[PDB]
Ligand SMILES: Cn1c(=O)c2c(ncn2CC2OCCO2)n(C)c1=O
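Below, in structure tokens: the form deposited without the ligand, a single chain.
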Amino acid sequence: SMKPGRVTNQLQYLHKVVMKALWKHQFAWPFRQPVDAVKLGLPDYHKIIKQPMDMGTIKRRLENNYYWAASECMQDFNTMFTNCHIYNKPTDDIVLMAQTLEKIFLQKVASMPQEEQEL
């Protein structure tokens, strides 16, 4: 991080509303921790996916006031979702799970405060 972490109204919303809804969802389980490509038998995962990202990592970052700005957290979420769409076959079950979470993410983000302020 070039910037210190802090708390903004948008980051607090991403934590207390958006992550709260996503973490507990029944389709969250493939996304709660980093992909372990050896354990899962995915030998080219790290050749294909340049920036792994997962909700466990995002949740820890939110808990530890890691982020400087909400866009940084948003970028992490969209990287996680994109990695799934890129790596997986369109017919893989995990793609449906990611799509379901994306819809929830978008629905919650639609009610986030739209001007960012430090707390």
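Numbering starts at 1 and runs along the sequence shown.
- When 39 to 47 is weighed against 23 to 31, 39 to 47 comes out higher, by mean CA B-factor as recorded in the entry.
- When the two stretches 107 to 115 and 12 to 20 are set side by side, the higher mean Cα temperature factor goes to 107 to 115.
- Across the residues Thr79, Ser71, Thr57, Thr91, the deposited record lists the maximum Cα B factor for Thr91.
Although not depicted, the form deposited with the ligand bound is the subject of the following passage.
- Contact annotation: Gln75 falls outside 4.5 Å of the ligand in the entry with it bound, judged by heavy atom distances.
- Residue contact check for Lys59: none of its heavy atoms lie within 4.5 Å of the ligand in the entry with it bound.
- Proximity of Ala69 to the ligand in the entry with it bound: non-hydrogen atoms within 4.5 Å are absent; the residue sits far from the partner.
- Under a 4.5 angstroms non-hydrogen atom cutoff, the ligand in the entry with it bound lacks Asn65 among its neighbouring residues.
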